[PDB]
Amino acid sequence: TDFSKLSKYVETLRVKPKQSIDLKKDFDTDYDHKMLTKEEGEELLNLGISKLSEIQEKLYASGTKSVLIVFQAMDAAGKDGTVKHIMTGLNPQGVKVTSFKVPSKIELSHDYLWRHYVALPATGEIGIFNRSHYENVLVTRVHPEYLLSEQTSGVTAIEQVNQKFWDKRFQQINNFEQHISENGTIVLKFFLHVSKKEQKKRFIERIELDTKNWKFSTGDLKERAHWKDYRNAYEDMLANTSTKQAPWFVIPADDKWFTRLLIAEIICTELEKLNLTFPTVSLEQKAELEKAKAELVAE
């Protein structure tokens, strides 16, 4: 069955703990051997959103768990659109998106995890980090001068930054994710993997659409010039922070409907392992219900 074929492909996207990573070679930005049509993918994606909605309702109602979903990607990979698609299927009461911008002055007076810790989901809730704590081994690794504005980083000069520094943040991040995973949080992390070619095509398409044009600010393409350093930082990150307990998935991003299908599928699969059910109505509660109803009929 197609779904079964989809389910098998999905497992190839999970980053194994003791695996090495080459994003050019070991992971696709688009997939040729798609086991379904686009119109089928849209159908299935819609079933996924409804299932996720049922899960969210059960989670809010009864569950002893929280859920944290992380999105990282290069610009124009489809990250915001994906977040938005997932989100509008869900109850706003139980879901919270946090897009972490450049740190505030206050946030810069705490360690780099603090603001992420502060924003964690409460039990019964779903938190989505659109960008995350991982920016601290990505954008700040490509742009290590940013560490000089970090009063907690202990970096007065970029020569001080080396591989041990990054290893040490990887260990911090893992410890953090392990702690929350051992205290009720399900952690799931998605890297939307767009090709340099497709990013260009999307950038040009945005530049030529007058409806979207006004959102461009000076230097929005700067990160594309550091494509290779980002690739490197992503590779090293993915090889050292995917655990069985807090896995990374590398999602091909060059076809958006498919990217969305995959993420919805993985989230459903993973949260289905919690065996969430609605509360059931005991005899005592049943009695109360029938008593309440009799009072209304008798007014």
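The first residue of the shown sequence is 1; numbering continues from there.
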According to the deposited model, is the average Cα temperature factor higher in 210-218 or in 102-110? 210-218
Comparing average C-alpha B factors as deposited, tell me which of 43-51 and 245-253 sits higher. 43-51
Highest Cα temperature factor in the entry, among the options 132, 199, 149, 181: which one is it? 149
Maximum C-alpha temperature factor per the entry, among 80, 159, 229, 75, belongs to which one? 159
Residue 189 CA temperature factor, ranked by third within the chain: lowest
Split the chain's modelled residues into thirds by Cα B-factor; residue 120 lands in the lowest
Can you tell me which third, lowest, middle or highest, the CA B-factor of residue 258 falls into for its chain? middle
Comparing residue 277 with the other modelled residues of its chain, is its CA B-factor in the lowest, middle or highest third? lowest
Looking at the entry's B-factor column for C-alpha atoms only, identify whether residue 142 ranks in the lowest, middle or highest third of its chain. middle
